[PDB]
Structures are given as C-alpha cells and as structure tokens.
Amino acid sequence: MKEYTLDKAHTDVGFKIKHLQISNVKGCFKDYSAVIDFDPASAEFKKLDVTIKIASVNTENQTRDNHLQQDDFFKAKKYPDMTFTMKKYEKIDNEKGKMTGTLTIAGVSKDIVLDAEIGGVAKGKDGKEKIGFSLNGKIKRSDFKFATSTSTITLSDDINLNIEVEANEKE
C-alpha cells in the first residue's frame, strides 16, 4: 500500500450532462417578385401576388440553407418557387385589415389569413406614391405536409410569417 496526493494541476474532476434548448430560427428569402395593387383613397388592397425563389432562402448559415433545398424540406429541384395569391382583403380600419390568400409550398396549397398593418402611406420626394405595410400570420407545417419526416417536437409545427414591405408607384 502507498499514499498519494493529487496533482490538482493535471487532475480534472469532471462531468457531462445533456440538456435541451429552444431557439428561434429567423430567415428571409433574398429573391422574390410581387404585384401590388393598393387604393390609398380607401386603404384597401386589390391584388397581391407574390412568387418566392426557394433557392434564395437565408438563415445566416450556408449548410442549413442547402439542407432546406432537399427532399426532407423544400425539394427546390422539383418545386423551385413558393407563391401567395390574395383572394380577399377585408378592411378593419385604415391601419389594419385581414388578408386571405392561397399559399403554395412544394405544390401544396392552403388558404391563409395574414394580418395587414399599414404602417404608412405617402407621396414621395418626387410627388409619386409610396406605402409601407406589414403582413403577419402563423401557418402550420402540417397543413402543407411540409417536412413530414421532421417531428413537431424537434421543429415547431408553427411558422410565423413576417413580411415587411416598402414599395413605390409604377412606370
């Protein structure tokens, strides 16, 4: 038998334990087109049709962006774009309204409601019109059978849409 004394310098009294952390993935699409018809006399939208290039997704992370293009997500080879078509604008007051439209993700289509908030109507520097509105709402992955392989535990069924638009008159 013999007696020893730790050498605290080259000793580590260590442990490891696993925990979960919830976090928000934020994202936009860098490339999209839209047709916007709006009547500033009445603060009503008349037509709003958006097309978004799935390839232009950005979640400040190049490897996840790539992964979003694959079979378990968007399938951008087969379905390069997502589209929104307004079907109905129901005015609440001049600042607020309920927008109903058809969202299409990887060829699956559902009618959604977005909350229109008109944050400012103006005549610009040059005397031609501008507008600044937002569109906000929550869609469910499951309504669109989006990423069905991924559990609703790992990744939320709820996606929150925040569309922030500034926009100038035409021609």
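Numbers follow the displayed sequence, beginning with 1.
The stretch 118-126 shows the higher mean C-alpha B-factor when 118-126 is compared against 142-150 in the entry. Higher average CA B factor: 60-68, of the stretches 36-44 and 60-68.
Sort the chain's modelled residues by C-alpha temperature factor and residue 159 lands in the lowest third, per the entry. Annotation for residue 18: CA B-factor lies in the middle third of the chain's modelled residues.
Among the modelled residues of its chain, residue 108 has a C-alpha B-factor that falls in the lowest third, as given in the PDB entry. For residue 28, the recorded CA temperature factor ranks within the highest third of the chain's modelled residues. In the PDB entry, residue 52 places in the middle third of its chain by CA B-factor.
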